[PDB]
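Residue numbers in the sequence shown follow the deposited numbering, run continuously in steps of one, and reach 100 at the last position.
The beta-carbon is built from N, C-alpha and C at its ideal position, and this holds for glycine as well.
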Amino acid sequence: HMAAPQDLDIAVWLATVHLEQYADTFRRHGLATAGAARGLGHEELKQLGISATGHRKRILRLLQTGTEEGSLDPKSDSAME
Numbered sequence: 020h021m022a023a024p025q026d027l028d029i030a031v032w033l034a035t036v037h038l039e040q041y042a043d044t045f046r047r048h049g050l051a052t053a054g055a056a057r058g059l060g061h062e063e064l065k066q067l068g069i070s071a072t073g074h075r076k077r078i079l080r081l082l083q084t085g086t087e088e089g090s091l092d093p094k095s096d097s098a099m100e
């Protein structure tokens with residue numbers, strides 16, 4: 020099974036990046052599920068209650084899942100010798 024279901028607790032979604040704690044502000048925002056938040060962007064994450072940059076890009080990188088489906092993977096090849 021690829022990606023997560025629409026009825027997926029917002030805590031289980033952020034828990035993938037060790038940031039499930041953010042599920043609080045998320046739920047209070049009217050989105051307690053990855054399906055109710057599906058669509059949020061970077062600029063939108065700022066008003067969502069997120070101030071950490073490294074964390075913000077950590078969420079969106081997971082939301083992109085679907086058409087490409089690519090999270091937690093290497094991105095380098097060769098170095099010199």
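Can you tell which of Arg80, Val36, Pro24 and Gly68 has the C-alpha that lies nearest to the C-alpha of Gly49?
The count along the sequence shown starts at 1 and reaches residue 49 at position 30. Cα-wise, what sits closest to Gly49 is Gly68.
Can you have a look at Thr44 and say buried or exposed, based on whether 16 or more other CB atoms are within 10 angstroms of its CB?
For the purposes of this step, residue 44 is identified with residue 25 of the sequence shown, where counting begins at 1. With fewer than 16 neighbouring CB atoms inside 10 Å of its own CB, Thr44 falls in the exposed class.
Among all the DSSP beta bridges, which residues are the ones paired with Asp28?
Looking up residue 28 in the sequence shown gives position 9. For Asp28, which the question treats as bridged, DSSP gives the partners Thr52.
Buried or exposed by the 16-neighbour rule on C-beta atoms within 10 Å, applied to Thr86
Translated into positions along the sequence shown, residue 86 becomes position 67. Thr86 is exposed by the Cβ-count criterion.
Separation of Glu88 from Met21, as counted between CA atoms
Taking the sequence shown and counting its residues from 1, one reaches residue 21 at position 2. Taking the sequence shown and counting its residues from 1, one reaches residue 88 at position 69. Each residue's alpha carbon lies about 8 Å from the other.
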